$ cat query-v4.cif   # mmCIF, C-alpha atoms and all ligand atoms
data_input
loop_
_atom_site.label_atom_id
_atom_site.label_comp_id
_atom_site.auth_asym_id
_atom_site.auth_seq_id
_atom_site.Cartn_x
_atom_site.Cartn_y
_atom_site.Cartn_z
CA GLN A 1 0.00 0.00 0.00
CA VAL A 2 2.28 2.83 1.30
CA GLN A 3 5.95 2.79 0.17
CA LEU A 4 8.75 5.27 1.03
CA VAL A 5 11.66 4.69 -1.43
CA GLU A 6 14.98 6.47 -0.68
CA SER A 7 17.63 7.33 -3.31
CA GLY A 8 20.98 9.15 -3.11
CA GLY A 9 23.52 9.18 -0.27
CA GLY A 10 26.73 7.11 -0.12
CA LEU A 11 30.30 8.45 0.18
CA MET A 12 31.32 12.15 0.31
CA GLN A 13 34.36 14.07 1.60
CA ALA A 14 33.96 16.23 4.75
CA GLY A 15 32.73 19.77 3.87
CA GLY A 16 30.97 18.36 0.75
CA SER A 17 27.26 17.82 -0.01
CA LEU A 18 24.82 14.93 -0.53
CA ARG A 19 21.09 15.00 -1.35
CA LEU A 20 18.66 12.27 -0.21
CA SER A 21 15.31 11.80 -1.99
CA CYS A 22 12.30 9.83 -0.70
CA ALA A 23 9.50 9.06 -3.19
CA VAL A 24 6.11 8.24 -1.57
CA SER A 25 3.52 5.95 -3.23
CA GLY A 26 0.03 5.02 -1.93
CA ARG A 27 -0.50 8.05 0.40
CA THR A 28 -0.16 11.86 0.69
CA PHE A 29 0.74 13.31 4.14
CA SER A 30 -1.76 16.30 4.00
CA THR A 31 -1.79 18.17 7.38
CA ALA A 32 0.78 15.81 9.00
CA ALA A 33 4.55 15.63 8.33
CA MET A 34 7.44 13.74 6.71
CA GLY A 35 10.86 13.57 8.37
CA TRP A 36 14.42 12.26 8.27
CA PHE A 37 16.12 10.19 11.00
CA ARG A 38 19.61 8.73 11.23
CA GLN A 39 21.20 5.85 13.16
CA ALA A 40 24.96 5.54 13.73
CA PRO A 41 26.46 2.29 15.10
CA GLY A 42 25.72 1.68 18.80
CA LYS A 43 23.33 4.69 18.88
CA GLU A 44 19.53 5.13 19.05
CA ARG A 45 17.81 6.26 15.81
CA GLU A 46 17.74 10.10 16.13
CA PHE A 47 15.52 12.84 14.66
CA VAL A 48 17.14 15.01 11.93
CA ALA A 49 14.32 17.14 10.38
CA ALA A 50 10.53 17.29 9.82
CA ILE A 51 8.37 19.17 7.31
CA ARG A 52 4.63 20.01 7.44
CA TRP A 53 3.39 18.39 4.21
CA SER A 54 0.63 20.94 3.38
CA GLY A 55 2.38 24.25 4.33
CA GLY A 56 6.08 23.20 4.10
CA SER A 57 7.33 24.66 7.46
CA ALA A 58 10.49 22.82 8.66
CA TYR A 59 11.80 21.77 12.11
CA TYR A 60 15.46 20.75 12.65
CA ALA A 61 17.60 18.93 15.23
CA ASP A 62 20.13 21.43 16.67
CA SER A 63 22.98 19.15 15.38
CA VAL A 64 22.16 19.93 11.65
CA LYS A 65 20.98 23.61 11.79
CA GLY A 66 22.69 25.79 9.14
CA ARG A 67 23.87 22.63 7.26
CA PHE A 68 20.86 20.42 6.34
CA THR A 69 17.62 21.52 4.61
CA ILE A 70 14.40 19.46 4.37
CA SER A 71 12.07 20.24 1.43
CA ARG A 72 9.24 18.51 -0.46
CA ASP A 73 7.62 18.52 -3.93
CA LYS A 74 3.86 17.79 -3.67
CA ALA A 75 3.55 17.12 -7.45
CA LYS A 76 6.32 14.43 -7.27
CA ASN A 77 5.08 13.29 -3.77
CA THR A 78 8.79 13.38 -2.76
CA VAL A 79 10.68 14.66 0.33
CA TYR A 80 14.36 15.70 0.19
CA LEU A 81 17.27 16.17 2.60
CA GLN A 82 20.02 18.51 1.30
CA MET A 83 23.11 17.68 3.40
CA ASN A 84 25.74 20.45 3.10
CA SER A 85 28.93 21.05 5.15
CA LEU A 86 29.17 17.30 5.90
CA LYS A 87 30.91 16.29 9.17
CA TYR A 88 32.57 12.91 9.99
CA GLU A 89 29.94 12.40 12.75
CA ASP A 90 27.13 12.73 10.10
CA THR A 91 28.11 9.14 9.05
CA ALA A 92 24.95 7.02 9.69
CA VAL A 93 22.08 5.14 8.04
CA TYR A 94 19.50 7.81 7.08
CA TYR A 95 15.77 6.96 7.02
CA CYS A 96 12.85 8.92 5.58
CA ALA A 97 9.67 8.62 7.65
CA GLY A 98 5.99 9.59 7.38
CA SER A 99 3.61 10.53 10.23
CA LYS A 100 -0.17 9.74 10.27
CA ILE A 101 -0.60 12.35 13.06
CA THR A 102 -1.52 16.06 12.71
CA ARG A 103 0.20 17.93 15.60
CA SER A 104 -0.31 21.71 16.10
CA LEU A 105 3.30 22.29 17.30
CA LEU A 106 5.78 21.31 14.53
CA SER A 107 8.37 20.55 17.30
CA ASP A 108 6.16 17.53 18.29
CA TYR A 109 7.47 15.74 15.13
CA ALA A 110 10.86 15.43 16.93
CA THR A 111 9.26 13.03 19.52
CA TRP A 112 5.87 11.72 18.21
CA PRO A 113 5.79 8.34 16.42
CA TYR A 114 6.12 7.74 12.64
CA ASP A 115 4.17 4.80 11.12
CA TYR A 116 5.94 4.77 7.68
CA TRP A 117 9.69 4.22 7.06
CA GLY A 118 12.06 4.11 4.10
CA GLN A 119 14.58 1.24 3.66
CA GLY A 120 17.56 3.22 5.10
CA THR A 121 20.44 4.78 3.11
CA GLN A 122 24.11 4.68 4.20
CA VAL A 123 25.87 8.07 4.29
CA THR A 124 29.66 7.94 4.85
CA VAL A 125 31.76 11.12 5.35
CA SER A 126 35.47 10.68 4.56
CA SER A 127 38.70 12.69 5.04
CA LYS A 128 40.76 14.27 2.19
CA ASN B 334 -41.01 11.02 1.08
CA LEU B 335 -39.81 9.36 4.36
CA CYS B 336 -37.19 11.85 5.75
CA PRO B 337 -33.67 10.47 4.99
CA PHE B 338 -32.48 10.38 8.67
CA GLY B 339 -30.85 6.99 7.81
CA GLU B 340 -28.43 8.78 5.38
CA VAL B 341 -27.29 11.03 8.31
CA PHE B 342 -27.20 8.61 11.29
CA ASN B 343 -25.96 5.58 9.28
CA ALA B 344 -23.44 7.43 7.01
CA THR B 345 -20.28 5.25 6.50
CA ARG B 346 -18.04 8.34 6.94
CA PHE B 347 -18.48 11.21 9.47
CA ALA B 348 -16.90 14.71 9.35
CA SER B 349 -14.14 16.04 11.61
CA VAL B 350 -15.82 18.46 14.08
CA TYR B 351 -13.95 21.56 12.68
CA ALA B 352 -15.39 20.63 9.22
CA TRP B 353 -18.82 19.55 10.58
CA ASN B 354 -21.39 18.44 7.97
CA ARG B 355 -24.90 19.91 7.58
CA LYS B 356 -27.82 18.19 5.79
CA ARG B 357 -31.04 20.17 5.16
CA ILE B 358 -34.13 17.90 5.63
CA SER B 359 -37.38 19.16 3.98
CA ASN B 360 -40.57 18.00 2.18
CA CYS B 361 -40.80 14.57 3.91
CA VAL B 362 -42.53 12.60 6.75
CA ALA B 363 -40.23 12.32 9.83
CA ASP B 364 -40.64 9.21 12.06
CA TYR B 365 -38.79 10.51 15.17
CA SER B 366 -39.77 7.25 17.04
CA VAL B 367 -36.96 5.47 15.05
CA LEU B 368 -34.57 7.81 16.98
CA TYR B 369 -36.18 8.25 20.47
CA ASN B 370 -36.95 4.48 20.82
CA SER B 371 -33.36 3.46 19.79
CA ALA B 372 -31.16 1.79 22.46
CA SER B 373 -28.08 2.82 20.34
CA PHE B 374 -27.76 6.41 21.74
CA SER B 375 -25.75 7.31 24.91
CA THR B 376 -26.91 11.00 24.66
CA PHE B 377 -30.38 12.18 23.55
CA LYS B 378 -30.90 15.74 24.91
CA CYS B 379 -33.65 18.04 23.51
CA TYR B 380 -33.98 21.81 24.11
CA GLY B 381 -37.27 23.73 23.64
CA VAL B 382 -39.03 20.51 22.44
CA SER B 383 -40.05 17.07 23.86
CA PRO B 384 -38.69 14.07 21.88
CA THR B 385 -42.01 12.08 22.15
CA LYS B 386 -44.02 15.20 21.04
CA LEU B 387 -41.88 15.59 17.83
CA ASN B 388 -44.18 13.19 15.84
CA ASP B 389 -47.00 15.75 16.68
CA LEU B 390 -45.06 18.83 15.34
CA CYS B 391 -44.51 20.33 11.83
CA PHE B 392 -41.41 22.37 10.78
CA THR B 393 -40.35 24.34 7.64
CA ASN B 394 -36.87 22.70 7.67
CA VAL B 395 -34.80 20.34 9.86
CA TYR B 396 -30.98 20.71 9.81
CA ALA B 397 -28.89 17.63 10.76
CA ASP B 398 -25.29 18.57 11.71
CA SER B 399 -22.89 15.63 12.22
CA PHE B 400 -19.27 15.06 13.29
CA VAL B 401 -16.99 13.03 15.60
CA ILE B 402 -15.56 14.21 18.98
CA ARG B 403 -14.22 12.37 22.02
CA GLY B 404 -16.67 11.04 24.66
CA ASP B 405 -15.61 13.56 27.34
CA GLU B 406 -16.43 16.48 24.93
CA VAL B 407 -20.09 15.45 24.20
CA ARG B 408 -21.10 17.66 27.23
CA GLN B 409 -19.83 20.72 25.19
CA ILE B 410 -22.54 20.15 22.48
CA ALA B 411 -25.12 22.01 24.58
CA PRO B 412 -26.32 25.65 24.70
CA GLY B 413 -24.10 27.91 26.84
CA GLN B 414 -21.24 25.38 27.33
CA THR B 415 -17.53 26.37 26.98
CA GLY B 416 -14.42 24.38 26.04
CA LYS B 417 -12.23 23.83 22.95
CA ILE B 418 -15.09 22.21 20.95
CA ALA B 419 -17.87 24.73 21.83
CA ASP B 420 -15.42 27.68 21.51
CA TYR B 421 -13.43 26.82 18.33
CA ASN B 422 -15.22 23.91 16.50
CA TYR B 423 -19.05 23.68 16.86
CA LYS B 424 -21.18 26.23 18.76
CA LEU B 425 -24.92 25.93 19.58
CA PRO B 426 -26.90 29.15 20.10
CA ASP B 427 -28.18 30.14 23.60
CA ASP B 428 -31.78 29.87 22.15
CA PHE B 429 -31.27 26.40 20.52
CA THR B 430 -34.48 24.47 19.58
CA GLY B 431 -33.41 20.92 18.78
CA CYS B 432 -31.89 17.63 19.90
CA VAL B 433 -28.29 16.49 20.49
CA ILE B 434 -27.81 12.75 19.83
CA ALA B 435 -24.51 10.86 20.34
CA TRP B 436 -23.26 7.25 20.40
CA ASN B 437 -19.92 5.50 21.00
CA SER B 438 -18.29 4.75 17.57
CA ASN B 439 -15.14 2.96 18.97
CA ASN B 440 -15.89 -0.09 16.70
CA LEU B 441 -15.85 2.07 13.47
CA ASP B 442 -13.67 5.11 14.28
CA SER B 443 -10.82 3.65 16.43
CA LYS B 444 -8.03 1.52 14.90
CA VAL B 445 -5.28 -0.59 16.52
CA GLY B 446 -2.20 1.72 16.30
CA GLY B 447 -4.54 4.75 16.25
CA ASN B 448 -6.93 6.48 13.85
CA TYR B 449 -5.66 10.12 13.60
CA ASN B 450 -7.86 11.24 10.64
CA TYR B 451 -10.43 13.08 12.86
CA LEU B 452 -9.13 16.61 13.69
CA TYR B 453 -10.19 19.48 15.97
CA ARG B 454 -9.21 23.18 15.91
CA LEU B 455 -6.90 23.87 18.90
CA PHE B 456 -6.16 27.60 18.24
CA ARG B 457 -8.37 30.50 17.06
CA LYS B 458 -8.30 34.33 17.46
CA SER B 459 -11.92 34.32 18.80
CA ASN B 460 -14.87 31.99 19.62
CA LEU B 461 -17.14 30.75 16.80
CA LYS B 462 -20.57 32.37 16.55
CA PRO B 463 -23.44 29.84 16.75
CA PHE B 464 -23.48 27.47 13.70
CA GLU B 465 -20.28 29.09 12.32
CA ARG B 466 -17.88 26.70 10.50
CA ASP B 467 -14.12 27.46 10.18
CA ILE B 468 -12.14 25.11 7.82
CA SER B 469 -9.13 27.50 7.44
CA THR B 470 -5.55 26.21 8.03
CA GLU B 471 -3.80 29.61 8.46
CA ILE B 472 -0.79 29.59 10.85
CA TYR B 473 -1.98 30.92 14.23
CA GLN B 474 -0.08 33.90 15.72
CA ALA B 475 0.16 33.09 19.49
CA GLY B 476 2.68 35.96 20.17
CA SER B 477 3.55 39.56 19.08
CA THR B 478 5.54 38.62 15.87
CA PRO B 479 3.66 37.90 12.61
CA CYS B 480 4.07 34.29 11.33
CA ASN B 481 3.99 35.14 7.54
CA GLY B 482 2.68 31.54 7.03
CA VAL B 483 5.77 29.98 8.73
CA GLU B 484 5.43 27.74 11.83
CA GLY B 485 7.83 28.34 14.75
CA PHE B 486 8.02 30.06 18.18
CA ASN B 487 4.39 31.13 18.98
CA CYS B 488 3.35 30.31 15.33
CA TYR B 489 1.23 27.13 15.27
CA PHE B 490 -0.68 24.92 12.84
CA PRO B 491 -4.27 25.39 14.11
CA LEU B 492 -5.63 21.78 13.79
CA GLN B 493 -4.65 18.63 15.74
CA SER B 494 -5.51 14.90 15.47
CA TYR B 495 -7.61 12.99 17.92
CA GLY B 496 -5.71 9.69 18.52
CA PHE B 497 -8.54 7.10 18.62
CA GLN B 498 -7.32 3.64 19.76
CA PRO B 499 -9.84 0.93 20.78
CA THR B 500 -8.05 0.50 24.21
CA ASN B 501 -8.57 4.24 25.08
CA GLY B 502 -10.78 5.06 28.11
CA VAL B 503 -14.44 5.82 27.10
CA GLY B 504 -13.65 9.54 27.64
CA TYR B 505 -11.09 9.36 24.76
CA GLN B 506 -13.19 7.03 22.56
CA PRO B 507 -14.80 8.51 19.42
CA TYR B 508 -18.49 9.51 19.61
CA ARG B 509 -20.61 10.23 16.54
CA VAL B 510 -22.85 13.25 17.12
CA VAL B 511 -25.98 14.38 15.25
CA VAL B 512 -27.53 17.77 16.15
CA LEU B 513 -31.10 18.26 14.85
CA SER B 514 -32.21 21.93 14.52
CA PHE B 515 -36.00 22.50 14.05
CA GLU B 516 -36.86 25.66 12.03
CA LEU B 517 -40.41 27.18 11.90
CA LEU B 518 -40.66 30.13 9.41
CA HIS B 519 -43.67 31.81 7.68
CA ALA B 520 -43.87 29.11 4.94
CA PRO B 521 -45.54 25.70 4.37
CA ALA B 522 -44.31 23.36 7.20
CA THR B 523 -42.76 20.67 4.91
CA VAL B 524 -41.44 18.24 7.64
CA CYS B 525 -44.27 16.63 9.71
CA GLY B 526 -44.64 13.52 11.91
CA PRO B 527 -46.87 10.63 10.68
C1 LIG A 601 -29.63 2.94 11.07
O1 LIG A 601 -29.54 1.55 10.71
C2 LIG A 601 -30.00 0.65 11.71
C3 LIG A 601 -29.72 -0.79 11.25
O2 LIG A 601 -30.32 -1.00 9.97
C4 LIG A 601 -31.48 0.90 11.95
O3 LIG A 601 -31.89 0.07 13.04
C5 LIG A 601 -31.71 2.37 12.27
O4 LIG A 601 -33.10 2.72 12.39
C6 LIG A 601 -31.09 3.28 11.21
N1 LIG A 601 -31.22 4.66 11.64
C7 LIG A 601 -32.09 5.49 11.08
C8 LIG A 601 -32.22 6.84 11.74
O5 LIG A 601 -32.77 5.19 10.11
#

$ encode --input "query-v4.cif" --output "structure tokens" --more "lines below"
Ligand SMILES: *[C@@H]1O[C@H](CO)[C@@H](O)[C@H](O)[C@H]1NC(C)=O
Amino acid sequence: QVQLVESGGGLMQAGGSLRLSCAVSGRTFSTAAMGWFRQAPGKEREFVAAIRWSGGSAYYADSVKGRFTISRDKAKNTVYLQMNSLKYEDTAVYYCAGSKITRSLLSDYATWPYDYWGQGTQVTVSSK
Amino acid sequence: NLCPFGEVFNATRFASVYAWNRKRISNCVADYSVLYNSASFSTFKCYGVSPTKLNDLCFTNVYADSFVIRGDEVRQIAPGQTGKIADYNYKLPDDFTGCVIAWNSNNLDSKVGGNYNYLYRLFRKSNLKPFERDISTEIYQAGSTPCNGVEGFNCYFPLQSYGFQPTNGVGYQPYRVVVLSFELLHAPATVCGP
């Protein structure tokens, strides 16, 4: 029924850029949100960014402010993560996620549950 | 020319309360006994009319408003009540002539893992007037700085999901609500009892 399909990512040098795409089939997220999460080895899966599907307002983890941008194209039913100024500690498996839940405060999407998940995409940040 | 109360009460799909539905009923025979004799209803409260006397009365129009709220909010669907639903979602007039009917819809409207498709308006600049409907999704300015359509500090999306799960307490179970408004104008009274 509902599929979140990630593309992009992989290897990039520190200070460089990557762009993740997540194409949604079988649903639109209307008044709720899509987001990105990441999981590094030994660590809990952590919130990166969320976007209100209808209005496009974004909410970011402090760790990626001024570096990562979440955006979406309604016509393509796709959400994006632009990852600039890459740091070694950005190395992780990145997941796109979709929420069923309309929350008034966009900051709630940092903690409320997501019912839909992409497959996971490895991002690796390398030296020189 | 039996009034289509079935289409209202037995609709597959019900509206979110902020986007409450209205059906105008006219030019038909109303059997109100189908409603007042039903064991299905947890709330059946009439104002300015007696439910058993309804089959004896004639009206110009009947309006049937319908939506879903949580069980502990059904008390707000009453003249003069206050709370998030009466204030920002669905407001009865002080001089209401009609009936408020509700029933537990946990079996249809709750899902394992949650049904979040029913919304309510959480924020609004002022209270609704009676029978006003607001379906806007403008970002709500909670502070002194304009939002310019961007959510953030004191700039909120105005709607929020109910989270209906079948294991919720009755107070947080979904209730389907029908409000019947009885209108008598200077015209032929087109909705009569048998
Ligand atoms: C709704 O359907 C049930 C089951 O068929 C029936 O008992 C009831 O009278 C119907 N309600 C109305 C108002 O017609």

$ closest_residue --input "query-v4.cif" --among "B:438, B:345, B:360, B:448" --to "chain A" --atoms "all atoms listed in the file"
B:448

$ closest_residue --input "query-v4.cif" --among "B:500, B:366, B:477, B:334" --to "ligand LIG 601 (chain A)" --atoms "all atoms listed in the file"
B:366

$ residues_near_ligand --input "query-v4.cif" --ligand "ligand LIG 601 (chain A)" --cutoff "9 Å" --atoms "all atoms listed in the file" --output "VMD selection string"
chain B and resid 337 to 344 364 to 365 367 to 368 371 373

$ atom_distance --input "query-v4.cif" --atom1 "CA of residue 98 in chain A" --atom2 "CA of residue 31 in chain A"
11.6 Å

$ interface_residues --input "query-v4.cif" --of "chain B" --to "chain A" --cutoff "7 Å" --atoms "all atoms listed in the file" --output "CSV table (one decimal) with C-alpha atoms, in the coordinates of the input"
chain,number,residue,atom,x,y,z
B,449,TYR,CA,-5.7,10.1,13.6
B,483,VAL,CA,5.8,30.0,8.7
B,484,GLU,CA,5.4,27.7,11.8
B,489,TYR,CA,1.2,27.1,15.3
B,490,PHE,CA,-0.7,24.9,12.8
B,491,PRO,CA,-4.3,25.4,14.1
B,492,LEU,CA,-5.6,21.8,13.8
B,493,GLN,CA,-4.6,18.6,15.7
B,494,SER,CA,-5.5,14.9,15.5

$ atom_distance --input "query-v4.cif" --atom1 "CA of residue 363 in chain B" --atom2 "CA of residue 401 in chain B"
24.0 Å

$ residues_around --input "query-v4.cif" --residues "residue 10 in chain A" --least-positions-apart "3" --cutoff "6 Å" --atoms "all atoms listed in the file" --output "ChimeraX atom specification"
/A:122-124

$ write_last_selection --input "query-v4.cif" --atoms "C-alpha atoms" --output "PDB file, in the coordinates of the input"
ATOM      1  CA  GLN A 122      24.110   4.680   4.200  1.00  0.00           C
ATOM      2  CA  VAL A 123      25.870   8.070   4.290  1.00  0.00           C
ATOM      3  CA  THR A 124      29.660   7.940   4.850  1.00  0.00           C
TER       4      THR A 124
END

$ residues_around --input "query-v4.cif" --residues "range 378-383 of chain B" --least-positions-apart "2" --cutoff "9 Å" --atoms "all atoms listed in the file" --output "list in words"
residues 376, 385, 386, 387, 411, 412, 428, 429, 430, 431, 432, 433 and 434 of chain B

$ atom_distance --input "query-v4.cif" --atom1 "CA of residue 355 in chain B" --atom2 "CA of residue 507 in chain B"
19.3 Å

$ residues_near_point --input "query-v4.cif" --point "(36.4, 14.1, 0.2)" --cutoff "6 Å" --atoms "all atoms listed in the file" --output "PyMOL selection string"
chain A and resi 12-14+126-128

$ residues_around --input "query-v4.cif" --residues "residue 462 in chain B" --least-positions-apart "3" --cutoff "12 Å" --atoms "all atoms listed in the file" --output "list in words"
residues 413, 419, 420, 421, 422, 423, 424, 425, 426, 427, 459, 465, 466 and 467 of chain B

$ residues_near_point --input "query-v4.cif" --point "(-36.7, 26.9, 11.5)" --cutoff "10 Å" --atoms "all atoms listed in the file" --output "PyMOL selection string"
chain B and resi 392-396+430-431+514-520+522

$ residues_around --input "query-v4.cif" --residues "residue 349 in chain B" --least-positions-apart "3" --cutoff "8 Å" --atoms "all atoms listed in the file" --output "ChimeraX atom specification"
/B:352-353,400-402,450-453
